[PDB]
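Next up is one chain by itself, shown in structure tokens, the form deposited in one PDB entry.
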């Protein structure tokens, strides 16, 4: 469960991210594809070349979904309902991959937030991303 303190930590951290969110989303995807190449099996239809505009576009979509989740951190299952439907019925990414992307998002944030990425905020961000992942896989079966 996201504590009131978690929610404040997440809102503040993502607030600092601001309009860099889409950029950081794309960076997280690139880190994921390189560090965990099995995740590329979900994007055979993508151009995965260096600096791929298609990956950057997807990074913006992932980031925008996270921004919305932060804005509705008190009611994420409802805010992510349509997206959770799409993941369960169409995309069907194996649940293990959400932990890989979450880790790469954390690494991205750490590399860009030298002051904000405190141990406590680190903990809160990890819980938040795990919570989003839980919602996105909640309708799988």
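Positions refer to the first chain, counted from 1. Heads up, when I say rigid core I mean the largest set of C-alphas that superpose within 1.5 Å between the two forms.
Student: Output the stretch, either 83-91 or 112-120, that has more C-alpha displacement from this form in 6 other deposited structures of this protein following superposition by the rigid core.
Tutor: After the core superposition, the stretch with higher RMS deviation in 6 other deposited structures of this protein is 83-91.
Student: Once everything is fitted on the core, do the CA positions of 49-57 or those of 96-104 lie farther from the shown form in 6 other deposited structures of this protein?
Tutor: Once the cores are fitted, 49-57 deviates more in 6 other deposited structures of this protein.
Student: With reference to the PDB entry, specify whether the mean Cα temperature factor is higher for 63-71 or for 99-107.
Tutor: For C-alpha atoms only, the mean B-factor is higher in 63-71.
Student: Going by the B-factors listed in the PDB entry, is the mean over the C-alpha atoms higher for 34-42 or for 85-93?
Tutor: If you average the C-alpha B-factors of 34-42 and of 85-93, the larger mean comes out for 85-93.
Student: Sort 21, 123, 129, 13 by C-alpha B-factor from the entry and give me just the highest.
Tutor: Spelled out: the listed residue with the top C-alpha B-factor is 13.
Student: Would you please rank residue 54 by its C-alpha temperature factor against the other modelled residues of its chain and give the third it falls in: lowest, middle or highest?
Tutor: Its C-alpha B-factor, which the entry lists for residue 54, ranks in the lowest third among residues of this chain.
The same protein has a further form, the form deposited with a small molecule bound, not shown here; the description that follows concerns it.
Student: Is residue 76 close to the small molecule in the deposited complex, meaning a heavy atom pair under 4.5 Å apart or at it?
Tutor: So residue 76 counts as contacting the small molecule.
Student: Indicate whether residue 8 is a 4.5 Å heavy atom neighbour of the small molecule in the deposited complex.
Tutor: No, residue 8 stays farther than 4.5 Å from the small molecule in the deposited complex.
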